[PDB]
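Novice:
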Ligand SMILES: CC(C)CCC[C@@H](C)[C@H]1CC[C@H]2[C@@H]3CC=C4C[C@@H](O)CC[C@]4(C)[C@H]3CC[C@]12C
Ligand SMILES: CC(C)CCC[C@@H](C)[C@H]1CC[C@H]2[C@@H]3CC=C4C[C@@H](O)CC[C@]4(C)[C@H]3CC[C@]12C
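Chains as they are written, first to last, in this note's numbering: chain A, 1 to 115; chain B, 1001 to 1115; chain C, 2001 to 2168; chain D, 3001 to 3168.
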């Protein structure tokens, strides 16, 4: 039908909301991950780390994983292989992303605070 | 026709990427303008202004206006009012942002260097 | 309300309740903005959960739905899927149904809803009363008096369900 | 070449030359990046102009194209727009044409191109030689011997142009 009118007003096609949201979450999370590895490797100004926001972005990480999986489940029944490949690829990169940042956080214990 | 396949591989619909280039251009130029205004008003951090990148981003501004305009020209003949309204609104905001940054650059003239 | 809604003179109109959901989200997050908990001793600020509240709510207000209608007027209307402005779906019969749907939990409690089936149509969810079957087919009979189309029950055809048009 | 391409046994295949523009953009940036001009005395850094060049160059490189083909097989083929993978345009004749196109400058010099007209088709731009009219209808008659459809001249019908299939 008229995808101009579909994308124009009042709605969105089913799915393809959560995928785009996961894309922008992926963008901002590469931004913060690159900043973290940069400041951990060379410039060494830990006072301006992301030592302050530590659990809310983890919550953002897991909800982004959930929305990527949920959009994949909601878009699988389209019968088209490209959409399924799109959803599986974004899910895979988000999951490996999550494991990488979890490993980086677990490596960065002795630098935050002590209880 | 199948806009999934149209957006998937090997091409883009006619126009419709010039417009999104104008969108990301407007976004990053608003970010630069907001950073300049914020740094000018309160914190007074003339060391870290964009006094150094002056003419390249102005050239960026003018190619942004040209791309948005000729994209509007390339998308006008589709016969749909929504696309024309979208392109014209993007052109209007791009021109307004360019004029605002030109006024700001002309106002802050005694702060860069002297020739 | 038992007699007003069954006729539904000519068109019907319909809407959605996502505006309600975004409304109490906006109220809750506006409450969250001013004088939240002071957990600086927790070495963390929780202002970004409301930032996700901002994002989710603004997206939910982005879904505006003006008066979902059809061509259900008491005539030879084709039940074309009609919105103010754009139009998407058309069909010569055989797609619009009114179907009973059932849901179950782990315990086994049964909840009954109604759906006006079709190509991206709107449901017929009744107002928070689903524990017994009551009368079932009487509302289907009022719909039949309206513009008789269908009344579909659970599972396959079998019995206890009514059809009016068929494409064979 | 005059007896190789005008035969064109069965299908034709086609491509774009934007890959060349992308590869030249990559070449000029590999020239620029190492030891560019040193204009710090100009109170400026000029590294973002090639950043824009690589934005447009990566976009141009992304325009991949596997062998634009049709059903120009020397049969009763219906000229379906064929692409490895997806398929877009299907049409029962009356849309595939071969038309002469003209361009003029301020002085008045005329530049002649040829376009295989159709729903998002590919042109028939000849290899950088248009100053005289030469032969005109000879290549049109060769295309007629191939899979006779049309040979459209400039302006309206008038004369001097040939049609084979008409939709009336
Ligand atoms: C798509 C591209 C080519 C268009 C935008 C150009 C980009 C690369 C430019 C334009 C604005 C620039 C920024 C403007 C302001 C600042 C603050 C300054 O103290 C250091 C450089 C920095 C951080 C610049 C980095 C590079 C920058 C982001
Ligand atoms: C709400 C959903 C969409 C997630 C968005 C998260 C945003 C709001 C969060 C996540 C990462 C965060 C940034 C991470 C790192 C820095 C550098 C630090 O020295 C100051 C805070 C600052 C600048 C944070 C600002 C807020 C931030 C951008």
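Ideal Cβ placement from N, Cα and C applies to all residues, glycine included.
#1: Please report the distance separating the alpha-carbon of residue 41 (chain A) from that of residue 34 (chain A).
#2: Give the secondary structure of residue 2145 (chain C) by DSSP, where H, G and I count as helix, E and B as strand, and everything else as coil.
#3: Would you identify the three-state DSSP class for residue 3117 (chain D), choosing helix, strand or coil?
#4: Short check: CB of residue 3000 (chain D) to CB of residue 3117 (chain D), under 8 Å?
#5: Taking CB distances under 8 Å as the criterion, tell me whether residue 1116 (chain B) reaches chain A.
#6: Can we count residue 3051 (chain D) as close to ligand 1, meaning its CB is less than 7 Å from some heavy atom?
#7: Provide the residue(s) that pair with residue 115 (chain A) in DSSP beta bridges, ordered along the chain.
#8: For chain D, is any of its Cβ atoms less than 8 Å away from the one on residue 1036 (chain B)?
#9: To be precise: take each residue of the stretch 1038-1071 of chain B, compare its Cβ to all Cβ atoms of chain D, and keep it if any distance is under 9 Å. Which residues remain?
#10: How long is the line joining the alpha carbons of residue 3109 (chain D) and residue 3115 (chain D), rounded to whole angstroms?
#11: Under 8 Å, do residue 68 (chain A) and residue 15 (chain A) count as touching if we go by C-beta distance?
#12: Indicate whether residue 1004 (chain B) and residue 82 (chain A) have their beta-carbon atoms separated by less than 8 Å.
#13: Start and end of the alpha helix (DSSP H) containing residue 2051 (chain C)?
#14: Which of helix, strand or coil does DSSP assign to residue 1054 (chain B)?
#15: Tell me the rounded alpha-carbon separation between residue 2157 (chain C) and residue 2141 (chain C).
#16: According to DSSP, simplified to helix, strand and coil, what is residue 64 (chain A)?
#17: Under 8 Å by Cβ, that's how I've got residue 3071 (chain D) and residue 3082 (chain D) pegged, so tell me the actual separation to the nearest angstrom.
#18: CB residue 3074 (chain D) to CB residue 3146 (chain D), shorter than 8 Å?
#19: Residue 1053 (chain B): beta carbon under 7 Å from a heavy atom of ligand 1?
#20: Would you say residue 3152 (chain D) and residue 3161 (chain D) are within 8 Å of each other, going by their C-beta atoms?
#21: Hey, would you say the C-beta of residue 57 (chain A) is under 7 Å away from at least one heavy atom of ligand 2?
#22: Any heavy atom of ligand 3 closer than 7 Å to the beta-carbon of residue 1041 (chain B)?
#23: So, under 8 Å CB-CB, residue 1065 (chain B) and residue 1098 (chain B) are touching, yes? Tell me the CB distance rounded to an integer number of Å.
#24: For residue 178 (chain A), decide whether its Cβ has a neighbour in chain C, counting only Cβ atoms nearer than 8 Å.
#25: Is residue 2048 (chain C) near ligand 2 - that is, is its Cβ less than 7 Å away from at least one heavy atom of it?
#26: Could you check whether residue 96 (chain A) and residue 71 (chain A) sit closer than 8 Å to each other, using their CB atoms as the reference points?
#27: Counting only Cβ pairs nearer than 9 Å, list the residues of chain B close to residue 3045 (chain D).
Specialist: Once the coordinates are examined:
#1: 10 Å
#2: helix
#3: strand
#4: What is shown of chain D runs 3001 to 3168, which leaves residue 3000 (chain D) out entirely.
#5: The structure shown does not extend to residue 1116 (chain B), since chain B is modelled only from 1001 to 1115, so the question has no answer here.
#6: yes
#7: According to DSSP, residue 115 (chain A) bridges with nothing at all.
#8: no
#9: 1051, 1052, 1053, 1054, 1055, 1056, 1057, 1059, 1060 and 1063
#10: 20 Å
#11: no
#12: yes
#13: 2048-2061
#14: coil
#15: 17 Å
#16: helix
#17: 6 Å
#18: yes
#19: yes
#20: yes
#21: yes
#22: Looking for ligand 3 in the displayed structure turns up nothing; the ligands present are ligand 1 and ligand 2.
#23: 6 Å
#24: The requested residue 178 (chain A) is not part of the displayed model; chain A covers only 1 to 115.
#25: yes
#26: no
#27: 1052, 1053 and 1056
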